[PDB]
$ cat data-v1.txt   # compact mmCIF, C-alpha atoms
# COMPACT_ATOMS: atom_id res chain seq x y z
CA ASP O 739 -16.21 -286.56 88.23
CA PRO O 740 -17.08 -282.89 88.21
CA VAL O 741 -14.46 -282.89 90.74
CA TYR O 742 -11.72 -283.82 88.48
CA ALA O 743 -8.37 -283.71 89.89
CA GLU O 744 -5.51 -283.75 87.64
CA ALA O 745 -2.13 -283.81 88.88
CA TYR O 746 1.35 -284.24 87.86
CA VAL O 747 4.67 -283.86 89.49
CA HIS O 748 6.95 -280.99 89.06
CA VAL O 749 10.29 -281.30 90.58
CA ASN O 750 11.50 -278.08 90.92
CA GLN O 751 14.82 -277.78 92.30
CA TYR O 752 15.43 -280.63 94.72
CA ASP O 753 12.00 -280.46 95.67
CA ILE O 754 9.79 -282.68 94.17
CA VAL O 755 6.70 -280.96 94.51
CA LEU O 756 3.31 -282.08 93.77
CA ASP O 757 1.12 -280.06 91.51
CA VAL O 758 -2.39 -281.12 92.24
CA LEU O 759 -5.32 -279.82 90.78
CA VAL O 760 -8.15 -281.10 92.55
CA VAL O 761 -10.76 -279.35 90.88
CA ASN O 762 -13.95 -279.84 92.53
CA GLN O 763 -16.30 -279.13 89.98
CA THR O 764 -18.35 -280.84 92.50
CA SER O 765 -21.64 -279.50 93.42
CA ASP O 766 -20.15 -278.59 96.81
CA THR O 767 -17.04 -278.56 99.09
CA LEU O 768 -17.98 -282.19 98.94
CA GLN O 769 -16.52 -283.98 101.93
CA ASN O 770 -13.05 -285.32 101.53
CA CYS O 771 -11.27 -288.20 102.58
CA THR O 772 -8.02 -288.88 104.02
CA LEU O 773 -4.39 -288.62 103.38
CA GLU O 774 -1.35 -290.10 105.26
CA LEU O 775 2.35 -288.84 105.93
CA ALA O 776 5.42 -290.95 105.68
CA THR O 777 9.07 -291.28 105.74
CA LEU O 778 10.19 -291.49 102.37
CA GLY O 779 13.59 -292.10 100.81
CA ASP O 780 16.16 -289.38 101.13
CA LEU O 781 13.04 -287.29 101.10
CA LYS O 782 10.01 -287.47 103.16
CA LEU O 783 6.70 -286.20 102.06
CA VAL O 784 5.89 -283.48 104.11
CA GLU O 785 2.88 -281.28 103.34
CA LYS O 786 -0.87 -281.44 102.94
CA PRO O 787 -3.12 -278.39 102.52
CA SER O 788 -5.41 -279.09 105.50
CA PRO O 789 -9.08 -278.79 104.46
CA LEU O 790 -11.27 -281.50 103.11
CA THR O 791 -14.07 -279.75 101.17
CA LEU O 792 -14.41 -280.13 97.48
CA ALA O 793 -15.80 -276.74 97.08
CA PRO O 794 -18.43 -276.53 94.45
CA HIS O 795 -17.52 -276.07 90.67
CA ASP O 796 -14.28 -274.85 92.12
CA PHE O 797 -10.72 -275.47 91.29
CA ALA O 798 -7.87 -276.01 93.81
CA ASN O 799 -4.23 -276.24 93.98
CA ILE O 800 -3.04 -278.60 96.35
CA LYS O 801 0.52 -278.59 96.93
CA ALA O 802 2.62 -281.21 98.30
CA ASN O 803 6.04 -280.41 99.16
CA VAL O 804 8.07 -283.33 99.61
CA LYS O 805 11.18 -283.19 101.64
CA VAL O 806 14.08 -283.91 99.33
CA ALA O 807 17.09 -284.90 101.34
CA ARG Y 562 -12.39 -283.77 79.36
CA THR Y 563 -10.63 -285.54 82.16
CA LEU Y 564 -10.43 -289.27 83.01
CA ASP Y 565 -11.65 -291.03 85.97
CA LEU Y 566 -9.03 -293.20 87.60
CA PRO Y 567 -7.44 -295.52 85.09
CA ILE Y 568 -8.84 -295.45 81.70
CA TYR Y 569 -7.31 -296.11 78.49
CA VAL Y 570 -8.72 -294.73 75.41
CA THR Y 571 -9.90 -297.71 73.37
CA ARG Y 572 -11.16 -295.87 70.34
CA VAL Y 573 -13.93 -293.64 69.34
CA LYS Y 574 -17.43 -294.31 68.92
CA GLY Y 575 -18.98 -291.11 67.68
CA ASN Y 576 -19.47 -288.02 69.70
CA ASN Y 577 -21.18 -289.93 72.58
CA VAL Y 578 -17.75 -290.73 73.69
CA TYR Y 579 -16.62 -294.13 74.82
CA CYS Y 580 -13.61 -294.97 77.10
CA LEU Y 581 -12.15 -298.10 78.78
CA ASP Y 582 -9.55 -299.01 81.38
CA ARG Y 583 -9.22 -302.47 79.74
CA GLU Y 584 -12.72 -303.83 80.51
CA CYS Y 585 -14.01 -301.73 83.48
CA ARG Y 586 -13.28 -298.49 85.20
CA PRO Y 587 -15.40 -297.15 82.12
CA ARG Y 588 -17.18 -294.08 80.26
CA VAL Y 589 -20.16 -292.76 78.09
CA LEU Y 590 -19.14 -289.30 77.67
CA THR Y 591 -20.10 -285.88 76.80
CA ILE Y 592 -17.17 -284.80 74.84
CA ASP Y 593 -15.28 -281.42 74.83
CA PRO Y 594 -12.47 -281.39 72.33
CA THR Y 595 -9.66 -279.44 72.69
CA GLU Y 596 -7.24 -279.28 70.20
CA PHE Y 597 -8.68 -279.88 66.90
CA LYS Y 598 -10.52 -276.81 66.85
CA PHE Y 599 -7.52 -275.38 68.17
CA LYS Y 600 -4.78 -275.81 65.65
CA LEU Y 601 -7.14 -275.02 63.13
CA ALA Y 602 -8.52 -272.22 65.25
CA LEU Y 603 -5.14 -271.10 66.08
CA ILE Y 604 -4.07 -271.46 62.60
CA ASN Y 605 -6.80 -268.96 61.88
CA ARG Y 606 -5.71 -267.04 65.02
CA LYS Y 607 -9.09 -267.99 66.60
CA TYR Y 608 -9.62 -268.08 70.24
CA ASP Y 609 -13.29 -267.65 70.40
CA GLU Y 610 -13.77 -271.11 71.24
CA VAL Y 611 -11.43 -271.55 73.98
CA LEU Y 612 -12.39 -268.64 75.56
CA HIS Y 613 -15.81 -269.45 75.19
CA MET Y 614 -15.32 -272.61 76.87
CA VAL Y 615 -13.46 -270.66 79.26
CA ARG Y 616 -11.02 -273.44 79.24
CA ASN Y 617 -7.93 -272.32 81.04
CA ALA Y 618 -5.02 -274.57 82.15
CA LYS Y 619 -1.40 -274.35 81.24
CA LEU Y 620 -0.17 -276.32 84.02
CA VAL Y 621 -1.05 -279.62 85.50
CA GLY Y 622 2.66 -280.30 85.80
CA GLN Y 623 2.70 -277.99 82.96
CA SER Y 624 0.26 -277.67 80.15
CA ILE Y 625 1.61 -274.72 78.41
CA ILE Y 626 4.06 -276.96 76.87
CA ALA Y 627 2.40 -278.04 73.79
CA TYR Y 628 3.14 -274.96 72.06
CA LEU Y 629 2.12 -272.53 74.55
CA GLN Y 630 5.51 -272.70 75.80
CA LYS Y 631 6.51 -272.58 72.35
CA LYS Y 632 3.72 -270.15 72.35
CA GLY Y 633 1.50 -269.31 69.55
CA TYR Y 634 0.18 -265.82 70.48
CA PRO Y 635 0.04 -264.00 73.83
CA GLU Y 636 -3.66 -264.15 73.18
CA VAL Y 637 -3.07 -267.43 74.90
CA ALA Y 638 -1.61 -265.68 77.80
CA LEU Y 639 -4.81 -263.96 77.97
CA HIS Y 640 -6.93 -267.04 78.41
CA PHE Y 641 -5.04 -267.95 81.46
CA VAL Y 642 -1.99 -266.81 83.36
CA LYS Y 643 -1.45 -265.68 87.11
CA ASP Y 644 0.94 -264.33 89.83
CA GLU Y 645 3.45 -261.74 89.11
CA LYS Y 646 5.97 -264.45 89.42
CA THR Y 647 4.07 -266.59 87.04
CA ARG Y 648 3.31 -263.72 84.86
CA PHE Y 649 6.88 -262.94 84.82
CA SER Y 650 7.75 -266.39 83.61
CA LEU Y 651 5.38 -265.68 80.80
CA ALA Y 652 6.87 -262.35 80.42
CA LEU Y 653 9.95 -264.22 79.30
CA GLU Y 654 8.19 -267.14 77.78
CA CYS Y 655 6.00 -265.17 75.61
CA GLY Y 656 8.52 -262.51 75.89
CA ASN Y 657 5.28 -260.85 76.97
CA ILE Y 658 6.73 -257.63 77.63
CA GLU Y 659 3.58 -256.08 78.16
CA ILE Y 660 3.25 -258.14 81.12
CA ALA Y 661 6.71 -257.56 81.55
CA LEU Y 662 6.32 -253.91 81.96
CA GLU Y 663 4.25 -254.20 84.98
CA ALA Y 664 5.92 -257.32 85.70
CA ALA Y 665 9.08 -255.37 85.85
CA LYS Y 666 7.58 -252.83 88.00
CA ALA Y 667 6.60 -255.65 90.15
CA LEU Y 668 9.82 -257.66 89.48
CA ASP Y 669 12.59 -256.38 91.44
CA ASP Y 670 14.49 -259.56 91.08
CA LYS Y 671 17.13 -257.31 89.44
CA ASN Y 672 19.00 -259.71 87.38
CA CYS Y 673 15.72 -260.10 86.00
CA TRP Y 674 15.56 -256.60 85.04
CA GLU Y 675 19.00 -256.48 84.45
CA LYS Y 676 18.94 -258.53 81.40
CA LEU Y 677 15.70 -257.25 80.48
CA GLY Y 678 15.95 -253.58 79.73
CA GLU Y 679 18.41 -254.39 77.07
CA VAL Y 680 16.24 -256.98 75.88
CA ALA Y 681 13.59 -254.44 75.97
CA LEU Y 682 15.74 -252.28 73.94
CA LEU Y 683 16.53 -255.12 71.80
CA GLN Y 684 12.91 -255.43 71.14
CA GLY Y 685 12.59 -251.73 71.19
CA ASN Y 686 12.40 -248.40 72.81
CA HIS Y 687 15.27 -246.90 74.49
CA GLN Y 688 13.16 -244.09 75.63
CA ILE Y 689 11.87 -246.49 78.05
CA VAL Y 690 14.98 -248.53 78.34
CA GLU Y 691 16.84 -245.57 79.69
CA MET Y 692 14.53 -245.59 82.73
CA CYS Y 693 14.99 -249.17 83.22
CA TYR Y 694 18.62 -248.84 83.29
CA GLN Y 695 18.34 -245.71 85.33
CA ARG Y 696 17.53 -247.57 88.52
CA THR Y 697 19.80 -250.26 87.39
CA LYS Y 698 22.96 -248.35 87.85
CA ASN Y 699 24.23 -248.67 84.39
CA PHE Y 700 24.67 -245.12 84.80
CA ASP Y 701 27.77 -244.98 82.80
CA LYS Y 702 26.02 -246.82 80.14
CA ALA C 705 46.85 -236.35 80.66
CA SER C 706 49.13 -234.52 78.32
CA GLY C 707 47.36 -236.37 75.46
CA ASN C 708 48.76 -238.25 72.42
CA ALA C 709 47.82 -240.03 69.15
CA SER C 710 51.07 -241.88 68.80
CA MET C 711 50.53 -243.44 72.11
CA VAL C 712 47.14 -244.13 70.84
CA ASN C 713 48.28 -246.03 67.70
CA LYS C 714 50.57 -248.37 69.56
CA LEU C 715 48.04 -248.52 72.23
CA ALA C 716 45.40 -249.17 69.58
CA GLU C 717 47.34 -252.09 68.83
CA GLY C 718 47.16 -252.72 72.50
CA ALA C 719 43.53 -251.90 72.57
CA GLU C 720 43.09 -254.78 70.35
CA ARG C 721 44.97 -256.79 72.87
CA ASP C 722 43.07 -256.16 75.99
CA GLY C 723 40.03 -258.59 75.89
CA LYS C 724 37.15 -256.57 77.25
CA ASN C 725 35.41 -254.51 74.68
CA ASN C 726 34.91 -251.22 76.38
CA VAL C 727 38.34 -249.53 76.76
CA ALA C 728 39.21 -250.02 73.21
CA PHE C 729 36.20 -248.12 72.20
CA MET C 730 37.23 -245.00 74.17
CA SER C 731 40.43 -245.19 72.42
CA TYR C 732 38.78 -245.40 69.04
CA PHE C 733 36.71 -242.46 69.82
CA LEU C 734 39.53 -240.70 71.45
CA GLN C 735 41.53 -240.96 68.33
CA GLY C 736 38.45 -239.96 66.53
CA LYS C 737 37.64 -242.90 64.58
CA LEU C 738 34.11 -244.04 64.20
CA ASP C 739 35.36 -246.58 61.92
CA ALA C 740 37.46 -248.18 64.51
CA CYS C 741 34.74 -248.08 67.04
CA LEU C 742 32.36 -249.72 64.62
CA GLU C 743 34.82 -252.43 63.49
CA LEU C 744 35.41 -253.25 67.07
CA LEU C 745 31.69 -253.73 67.62
CA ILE C 746 31.58 -256.22 64.81
CA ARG C 747 33.69 -258.56 66.70
CA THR C 748 31.98 -258.19 70.13
CA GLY C 749 28.38 -258.41 69.05
CA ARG C 750 27.58 -255.00 70.38
CA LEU C 751 24.92 -254.73 67.68
CA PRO C 752 22.15 -252.46 69.05
CA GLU C 753 24.74 -250.11 70.34
CA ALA C 754 26.75 -250.07 67.18
CA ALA C 755 23.73 -248.89 65.40
CA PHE C 756 23.46 -245.87 67.70
CA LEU C 757 26.92 -244.71 66.97
CA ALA C 758 26.56 -245.48 63.33
CA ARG C 759 23.51 -243.30 63.41
CA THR C 760 24.69 -240.49 65.58
CA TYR C 761 27.76 -239.55 64.03
CA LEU C 762 26.82 -241.06 60.73
CA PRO C 763 29.02 -243.28 58.79
CA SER C 764 25.56 -244.50 57.51
CA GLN C 765 26.54 -247.87 58.65
CA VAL C 766 23.20 -247.66 60.25
CA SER C 767 21.93 -248.81 56.99
CA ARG C 768 24.47 -251.50 56.64
CA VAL C 769 24.59 -252.62 60.15
CA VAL C 770 20.89 -252.44 60.71
CA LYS C 771 20.30 -255.01 58.09
CA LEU C 772 22.60 -257.39 59.81
CA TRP C 773 21.22 -256.79 63.32
CA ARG C 774 17.83 -257.16 61.96
CA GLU C 775 19.03 -260.31 60.45
CA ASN C 776 19.84 -261.66 63.80
CA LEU C 777 16.51 -260.66 64.82
CA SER C 778 15.33 -262.19 61.73
CA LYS C 779 16.83 -265.39 62.79
CA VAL C 780 14.73 -265.01 65.76
CA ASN C 781 11.71 -264.51 63.74
CA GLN C 782 8.58 -262.70 64.31
CA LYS C 783 7.84 -259.73 62.20
CA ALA C 784 8.12 -257.30 65.01
CA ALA C 785 11.37 -259.06 65.75
CA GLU C 786 12.47 -258.73 62.13
CA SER C 787 11.79 -254.89 62.05
CA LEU C 788 12.33 -253.00 58.73
CA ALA C 789 13.28 -249.76 56.78
CA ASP C 790 16.10 -247.36 55.81
CA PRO C 791 15.32 -244.37 53.37
CA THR C 792 11.55 -244.58 53.77
CA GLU C 793 8.71 -246.27 55.64
CA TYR C 794 9.64 -247.32 59.16
CA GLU C 795 12.59 -245.08 58.98
CA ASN C 796 12.97 -242.43 56.43
CA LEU C 797 16.89 -242.22 56.71
CA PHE C 798 18.01 -239.74 54.16
CA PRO C 799 14.34 -238.51 53.64
CA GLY C 800 14.13 -237.55 57.32
CA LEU C 801 17.03 -235.16 56.62
CA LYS C 802 18.34 -234.25 60.15
CA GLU C 803 21.81 -234.42 62.08
CA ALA C 804 24.80 -236.64 61.33
CA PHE C 805 26.11 -235.89 57.82
$ encode --input "data-v1.txt" --output "C-alpha cells"
Amino acid sequence: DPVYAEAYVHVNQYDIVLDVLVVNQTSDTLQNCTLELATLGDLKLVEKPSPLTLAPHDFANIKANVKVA
Amino acid sequence: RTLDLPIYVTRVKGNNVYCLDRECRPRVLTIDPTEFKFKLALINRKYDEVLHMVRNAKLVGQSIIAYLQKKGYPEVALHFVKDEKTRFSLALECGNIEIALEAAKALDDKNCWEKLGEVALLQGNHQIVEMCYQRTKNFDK
Amino acid sequence: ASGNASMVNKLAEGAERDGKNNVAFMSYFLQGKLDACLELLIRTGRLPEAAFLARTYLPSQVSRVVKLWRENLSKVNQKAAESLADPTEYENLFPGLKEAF
C-alpha cells in the first residue's frame, strides 16, 4: 500500500529491537489499528510508539524495544 | 517497490509487473527498479537516478549493506544519512571524514576521536590533526 | 643526569629489551642516531611517524619509507589512500630544496 511498512529486526546489544518502517505513504495519518503487549521469553516486549495515524505520504520509525532478560 | 503481506515473486511478465504469494495475496504493479540502473549507474558513478527518485533507505534492519556498507562512493551518503550518531557511523563506514569533521566536533565520545585524529592523519593533514590531539591530551605526542 | 653514551650502548641493548616502543626511541635520539630510531619504527609499525623523522632530520628514508607506508595504504586501496610522489609532483623532495640535508 502507499503505506508500506517494511521492517526488520536489529538486535543490537541484548536488545532485540524492532526497526519498523511504517511508511505511510498513505494519503493521510490513516487510522491505525491495534497492537498488544506480552510477556515474552527471557525478554518481554515492551514498547510501542503510541499514535495511530498513518500520516500522509510520510515515513515513520517505529521502534520496539523488547526487554531482553 | 515493496510487497504487500506475503508475496513471492513468481516471475516477470513485462514492465506491468506481476507478483504472487502462491495463488493469492497478489499484484499488477507499477514497477520501480532499483538496482539495475544502479550498478550500471554506479559503475558509471551515476546517481542521477536515485536521487531523482529520491529513493533513500539504508536501513530497514539495514539496507546499506549491499555495498553501501561496503560503500561505493560517499555520494551515497548524500542520498540519505541522519543523526550525528548515525552520521558518525558513516563517518567510519565511509570513512566519511568530512562528516567526520563535524561529526567529531559533535562527537565527543573521545575514544572515538581518540582513534580518529591519527586516522585523520593517516588519511592526511596533521595541521588539523594537531588540534584534534590538542584537546585529546596527547600533549606529549 | 651526568650523561653517558656507554650507558646508552648497553642500555640500547636494553632498550631493545623493554617492550614498549617509546623509551627506546629517546635513547636512539639521545645517542643521536636517526638510524636507530628509524629501525626501531620498522618493527613497531610506527609508520606515519617514522616518516616525519625521516623527513625532518633527513636520512631521506622518507623516500624509502614513504613507499612502504603508502603500500600499506595501497593495500587499503583508494587512490587518495594510495597517495603518491617523491622528487616531483605531489611532493617535490629534492626539487623543493629546503631543511634537512
$ closest_residue --input "data-v1.txt" --among "Y:687, Y:619, Y:562, Y:676" --to "residue 739 (chain O)" --atoms "all atoms listed in the file"
Y:562
$ closest_residue --input "data-v1.txt" --among "O:765, O:785, O:798, O:776" --to "chain Y" --atoms "all atoms listed in the file"
O:798
$ residues_around --input "data-v1.txt" --residues "residue 804 (chain C)" --least-positions-apart "6" --cutoff "8 Å" --atoms "all atoms listed in the file" --output "PyMOL selection string"
chain C and resi 759-762
$ interface_residues --input "data-v1.txt" --of "chain Y" --to "chain C" --cutoff "9 Å" --atoms "all atoms listed in the file" --output "number ranges by chain"
Y: 682-684
$ atom_distance --input "data-v1.txt" --atom1 "CA of residue 800 (chain O)" --atom2 "CA of residue 745 (chain O)"
9.2 Å
$ residues_near_point --input "data-v1.txt" --point "(-13.4, -281.6, 74.8)" --cutoff "12 Å" --atoms "all atoms listed in the file" --output "PyMOL selection string"
chain Y and resi 562-564+576-578+590-599+610-611+614-616
$ residues_around --input "data-v1.txt" --residues "residue 690 (chain Y)" --least-positions-apart "4" --cutoff "12 Å" --atoms "all atoms listed in the file" --output "CSV table (one decimal) with C-alpha atoms, keeping the file's coordinate frame"
chain,number,residue,atom,x,y,z
Y,662,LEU,CA,6.3,-253.9,82.0
Y,665,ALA,CA,9.1,-255.4,85.8
Y,674,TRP,CA,15.6,-256.6,85.0
Y,675,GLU,CA,19.0,-256.5,84.4
Y,676,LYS,CA,18.9,-258.5,81.4
Y,677,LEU,CA,15.7,-257.2,80.5
Y,678,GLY,CA,16.0,-253.6,79.7
Y,679,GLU,CA,18.4,-254.4,77.1
Y,680,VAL,CA,16.2,-257.0,75.9
Y,681,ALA,CA,13.6,-254.4,76.0
Y,682,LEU,CA,15.7,-252.3,73.9
Y,683,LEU,CA,16.5,-255.1,71.8
Y,684,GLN,CA,12.9,-255.4,71.1
Y,685,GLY,CA,12.6,-251.7,71.2
Y,686,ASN,CA,12.4,-248.4,72.8
Y,694,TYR,CA,18.6,-248.8,83.3
Y,695,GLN,CA,18.3,-245.7,85.3
Y,696,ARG,CA,17.5,-247.6,88.5
Y,697,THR,CA,19.8,-250.3,87.4
Y,699,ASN,CA,24.2,-248.7,84.4
Y,702,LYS,CA,26.0,-246.8,80.1
$ axis_aligned_box --input "data-v1.txt" --around "region 603-619 of chain Y" --padding-each-side "5 Å" --output "lines of an AutoDock Vina configuration file"
center_x = -8.6
center_y = -270.8
center_z = 72.0
size_x = 24.4
size_y = 17.5
size_z = 30.3
$ closest_atom_pairs --input "data-v1.txt" --of "chain Y" --to "chain O" --cutoff "7 Å" --atoms "all atoms listed in the file" --output "tab-separated table"
residue	atom	partner	partner_atom	distance
Y:563	CA	O:742	CA	6.6
Y:565	CA	O:739	CA	6.8
Y:621	CA	O:745	CA	5.5
Y:622	CA	O:746	CA	4.6
$ write_last_selection --input "data-v1.txt" --atoms "C-alpha atoms" --output "mmCIF file, keeping the file's coordinate frame"
data_model
loop_
_atom_site.group_PDB
_atom_site.id
_atom_site.type_symbol
_atom_site.label_atom_id
_atom_site.label_comp_id
_atom_site.auth_asym_id
_atom_site.auth_seq_id
_atom_site.Cartn_x
_atom_site.Cartn_y
_atom_site.Cartn_z
ATOM 1 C CA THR Y 563 -10.630 -285.540 82.160
ATOM 2 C CA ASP Y 565 -11.650 -291.030 85.970
ATOM 3 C CA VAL Y 621 -1.050 -279.620 85.500
ATOM 4 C CA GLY Y 622 2.660 -280.300 85.800
#
$ residues_around --input "data-v1.txt" --residues "residue 652 (chain Y)" --least-positions-apart "5" --cutoff "8 Å" --atoms "only C-alpha atoms" --output "PyMOL selection string"
chain Y and resi 657-661+664
$ closest_residue --input "data-v1.txt" --among "O:802, O:781, O:754, O:792" --to "residue 768 (chain O)" --atoms "only C-alpha atoms"
O:792
$ decode --input "data-v1.txt" --residues "region 562-593 of chain Y" --atoms "C-alpha atoms" --output "PDB file, in the first residue's frame"
ATOM      1  CA  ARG Y 562       8.772  -1.326  -4.720  1.00  0.00           C
ATOM      2  CA  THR Y 563       7.579  -3.011  -1.595  1.00  0.00           C
ATOM      3  CA  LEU Y 564       5.408  -6.128  -1.122  1.00  0.00           C
ATOM      4  CA  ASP Y 565       2.100  -6.433   0.412  1.00  0.00           C
ATOM      5  CA  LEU Y 566       1.926  -9.112   3.061  1.00  0.00           C
ATOM      6  CA  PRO Y 567       3.203 -12.405   1.733  1.00  0.00           C
ATOM      7  CA  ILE Y 568       4.129 -12.485  -1.816  1.00  0.00           C
ATOM      8  CA  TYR Y 569       6.572 -14.463  -3.594  1.00  0.00           C
ATOM      9  CA  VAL Y 570       7.964 -13.341  -6.779  1.00  0.00           C
ATOM     10  CA  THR Y 571       6.786 -15.846  -9.385  1.00  0.00           C
ATOM     11  CA  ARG Y 572       8.487 -14.372 -12.403  1.00  0.00           C
ATOM     12  CA  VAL Y 573       8.251 -11.422 -14.621  1.00  0.00           C
ATOM     13  CA  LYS Y 574       5.764 -10.518 -17.047  1.00  0.00           C
ATOM     14  CA  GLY Y 575       6.971  -7.342 -18.656  1.00  0.00           C
ATOM     15  CA  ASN Y 576       7.075  -3.990 -17.030  1.00  0.00           C
ATOM     16  CA  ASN Y 577       3.411  -4.219 -15.857  1.00  0.00           C
ATOM     17  CA  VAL Y 578       4.742  -6.208 -13.050  1.00  0.00           C
ATOM     18  CA  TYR Y 579       3.208  -9.394 -11.780  1.00  0.00           C
ATOM     19  CA  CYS Y 580       3.610 -10.964  -8.264  1.00  0.00           C
ATOM     20  CA  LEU Y 581       2.141 -13.940  -6.338  1.00  0.00           C
ATOM     21  CA  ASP Y 582       2.049 -15.304  -2.804  1.00  0.00           C
ATOM     22  CA  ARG Y 583       1.445 -18.816  -4.258  1.00  0.00           C
ATOM     23  CA  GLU Y 584      -2.030 -18.240  -5.782  1.00  0.00           C
ATOM     24  CA  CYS Y 585      -3.466 -15.173  -3.933  1.00  0.00           C
ATOM     25  CA  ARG Y 586      -2.288 -12.312  -1.824  1.00  0.00           C
ATOM     26  CA  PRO Y 587      -1.405 -10.900  -5.431  1.00  0.00           C
ATOM     27  CA  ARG Y 588      -0.081  -7.862  -7.697  1.00  0.00           C
ATOM     28  CA  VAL Y 589      -0.282  -5.879 -11.059  1.00  0.00           C
ATOM     29  CA  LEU Y 590       2.358  -3.441 -10.496  1.00  0.00           C
ATOM     30  CA  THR Y 591       3.870  -0.258 -11.454  1.00  0.00           C
ATOM     31  CA  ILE Y 592       7.461  -1.088 -11.250  1.00  0.00           C
ATOM     32  CA  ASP Y 593      10.428   0.977  -9.858  1.00  0.00           C
TER      33      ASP Y 593
END
